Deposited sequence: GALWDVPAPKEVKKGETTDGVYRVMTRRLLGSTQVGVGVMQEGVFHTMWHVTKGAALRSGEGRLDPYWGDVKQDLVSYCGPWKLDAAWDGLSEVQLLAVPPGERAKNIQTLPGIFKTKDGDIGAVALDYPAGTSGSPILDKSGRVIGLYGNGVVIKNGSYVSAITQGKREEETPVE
């Protein structure tokens, strides 16, 4: 239940299917990582609480807690947790997804699929969204996907 970034694993052997963020007793990840399935954490079980396929987000144990947003000007850091690798920080200046409903920050970083759900951070260390829903231009570009608190 400790705050932090977590691998999301599945079981012959084990495979990392994604990443998520524990904050304020709530686990945050991308819908496409878990499809809302229950998660084991030690001897405990985490059940989904809120989720939305269009936003590609899901929270466990309580409502979505992450609310910081990219300021539109500053570099950010992807706290990538790739399969088989130590958590590591990748700094970048986001580009922009321009949509009919407004602009979304986007990071032009291409890590393995099991990195989906890794948090993107602002300079204060706040999570401004999660990595792993995006488009191809041949490079992948991820939206900075943030929920509503």
{"property": "In sequence order, the deposited-sequence ranges that have no modelled C-alpha atom", "result": "1-16, 28-29, 156-157, 170-176"}
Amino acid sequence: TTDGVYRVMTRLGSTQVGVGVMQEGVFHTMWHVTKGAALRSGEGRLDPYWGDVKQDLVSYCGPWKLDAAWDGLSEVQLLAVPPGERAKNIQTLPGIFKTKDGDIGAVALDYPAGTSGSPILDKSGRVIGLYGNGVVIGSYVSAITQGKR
From here on, numbers count along this sequence of modelled residues.
item: Missing coords for residue 125 in a third or more of other PDB entries; value: no
item: No coordinates for residue 138 in a third or more of the other PDB entries; value: yes
item: Mean C-alpha B-factor comparison - 29-37 and 94-102, higher one; value: 94-102
item: Stretch exceeding the other in mean C-alpha B-factor - 117-125, 50-58; value: 117-125
item: Assigned third (lowest, middle, highest) for the C-alpha B factor of residue 73; value: highest
item: Where the record places residue 130 (Cα B-factor, split into thirds across the chain); value: lowest
item: Residue 137, C-alpha B-factor rank within chain (lowest, middle or highest third); value: highest
item: CA B-factor placement of residue 12, once the chain's modelled residues are sorted into thirds; value: highest
